[PDB]
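**Student:** One structure is given below, represented as structure tokens, and several questions about it will come after.
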Amino acid sequence: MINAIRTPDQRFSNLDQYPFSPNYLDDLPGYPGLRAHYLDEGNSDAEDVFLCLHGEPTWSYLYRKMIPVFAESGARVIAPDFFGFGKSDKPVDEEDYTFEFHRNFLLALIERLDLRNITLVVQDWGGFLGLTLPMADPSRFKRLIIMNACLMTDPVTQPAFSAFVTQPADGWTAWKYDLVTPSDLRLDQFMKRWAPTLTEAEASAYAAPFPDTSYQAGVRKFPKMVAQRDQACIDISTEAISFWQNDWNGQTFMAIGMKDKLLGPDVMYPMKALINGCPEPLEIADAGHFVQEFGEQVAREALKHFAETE
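For the sequence shown, counting from 1, position 3 maps to 3 in the entry's author numbering; every step adds exactly one.
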């Protein structure tokens, strides 16, 4: 079994702009005893479902500006927290966290809730994982909103998606050094550095899930998994490419956080070329890596784009 700890609800008591009522699932196939938290907003009987996937080191809090917009259009919004993150249970051992550990959780959740007509909404690890889900059951997915993300494939198949692991020094090397080498990891202080428009209250909401380092085994493992891609990760990621090029016939919307040192234009303009029918990217000039902090514009533009297409 997997040994996990749970964050005290008290830590989430007064989160700025997070009025969303909690939903949980403690009975997922392959994840016994592990309770997963997810948001389930908007009309539950909606034709469209926006599945919003977060990355590192965030949780569904990152979608708080986008969720109202999507919901007001008549849609259902599902925003799950990865194990190790947010209000989900947190495995204490880093080795329990793998690519398939998170990917199979997502497949398990989509089946349990039986989600169809999915507009996939992705960024960072939500992208790395999320972009390999449509091929597993393509009839469930109808659209994609891709923000600063790509696939964890091998450096030969796609050099773009590995070159940042090399450089620049103030880029990935800094991002990884800040997350895996501090024994005193203050996620609010980290997020104030990498998302410099965050208010003090917003930033502390990113530290809320982690009372102390014993809750951060999953926050440490994600950077390590980018650097050291395992065979299952490469095979699934490289097979996902062929899906996006050849099989994908759904509506796509892309938005780039232009100030992002790691997963900005040089990762995203390759990513565009691989997604069949991907239009011109909305380039948000003032946005860094966490484009969802400029998410009200992205959400509105995506709905406008999708509506003026079909």
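Backbone N, C-alpha and C fix where the C-beta goes; we use that ideal spot for every residue, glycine too.
Which word fits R143, buried or exposed, when buried means at least 16 other C-beta atoms lie within 10 angstroms of its C-beta?
**Tutor:** Here residue 143 refers to the residue found at position 143 of the sequence shown. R143 comes out buried.
**Student:** Is the beta carbon of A108 closer than 8 Å to that of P29?
**Tutor:** In the sequence shown, counting from the first residue as 1, residue 29 sits at position 29. In the sequence shown, counting from the first residue as 1, residue 108 sits at position 108. Here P29 is near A108, since their CB atoms are less than 8 Å apart.
**Student:** Around the C-beta of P279, are 16 or more other C-beta atoms found within 10 angstroms, so that it is buried, or is it exposed?
**Tutor:** Here residue 279 refers to the residue found at position 279 when the sequence shown is read from its first residue. Its Cβ having fewer than 16 others within 10 Å, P279 is exposed.
**Student:** Report the rounded CA-to-CA distance for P223 versus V180, giving the unit in angstroms.
**Tutor:** By one-based count along the sequence shown, residue 223 stands at place 223. By one-based count along the sequence shown, residue 180 stands at place 180. Straight-line spacing of the CA atoms in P223 and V180 works out to 7 Å.
**Student:** Could you check the C-alpha separation between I67 and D184 for me, to the nearest Å?
**Tutor:** As a working mapping, residue 67 is identified with position 67 in the sequence shown. As a working mapping, residue 184 is identified with position 184 in the sequence shown. Computed Cα separation, rounded: 32 Å.
**Student:** Does the region 48-62 come into contact with the region 84-93, if we say contact requires no fewer than three beta-carbon pairs (one atom in each stretch) closer than 8 Å?
**Tutor:** yes
**Student:** If we call anything under 8 Å between Cβ atoms a contact, is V219 one with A255?
**Tutor:** Against the sequence shown, residue 219 aligns to sequence position 219. Against the sequence shown, residue 255 aligns to sequence position 255. Their beta carbons are not under 8 Å apart, which means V219 does not touch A255 by this criterion.
**Student:** Identify every run of the alpha helix (DSSP H) within the region 129-176, keeping only runs that are complete inside it and at least 4 residues long; order them along the chain.
**Tutor:** Note on the region 129-176: whole alpha helix (DSSP H) runs with a minimum of 4 residues are 160-163, in chain order.
**Student:** What are the boundary residues of the alpha helix (DSSP H) that includes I236?
**Tutor:** Sequence index remark: in the sequence shown, residue 236 carries index 236 (1-based). Element bounds for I236: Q231 to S242.
**Student:** With a threshold of 8 Å, are at least 3 pairs of Cβ atoms found where one atom belongs to the region 241-255 and the other to the region 267-286?
**Tutor:** yes
**Student:** Taking the continuous beta strand (DSSP E) assigned at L39, which residues delimit it?
**Tutor:** Taking the first residue of the sequence shown as 1, we reach residue 39 at position 39. Segment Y31 to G42, the beta strand (DSSP E) holding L39.
**Student:** Would you kindly work out how many angstroms separate the C-alpha atoms of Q231 and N14, rounded to a whole number?
**Tutor:** For the purposes of this step, residue 231 is identified with residue 231 of the sequence shown, where counting begins at 1. For the purposes of this step, residue 14 is identified with residue 14 of the sequence shown, where counting begins at 1. Their Cα atoms are separated by approximately 42 Å.
**Student:** By Cβ distance below 8 Å, which residues in the same chain neighbour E308 in space, the five residues on each side in sequence not counted?
**Tutor:** Taking the first residue of the sequence shown as position 1, residue 308 is located at position 308. Counting only Cβ-Cβ distances below 8 Å, and skipping sequence neighbours, we find nothing.
**Student:** In the DSSP assignment, what are the bridge partners of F253?
**Tutor:** Position 253 of the sequence shown, counted from the start, is the residue given in the question as residue 253. Paired residues: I145.
**Student:** State whether the region 291-302 contacts the region 164-179, with contact taken as three or more CB pairs (one from each stretch) at a distance under 8 Å.
**Tutor:** no
**Student:** Are the beta-carbon atoms belonging to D260 and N148 less than 8 Å from one another?
**Tutor:** Looking up residue 260 in the sequence shown gives position 260. Looking up residue 148 in the sequence shown gives position 148. Yes; because the gap between Cβ atoms is below 8 Å, this pair is in contact.
**Student:** Return the first residue and the last residue of the beta strand (DSSP E) that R76 is part of.
**Tutor:** As a position in the sequence shown, residue 76 is number 76, starting the count at 1. Unbroken beta strand (DSSP E) run through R76: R76 to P80.
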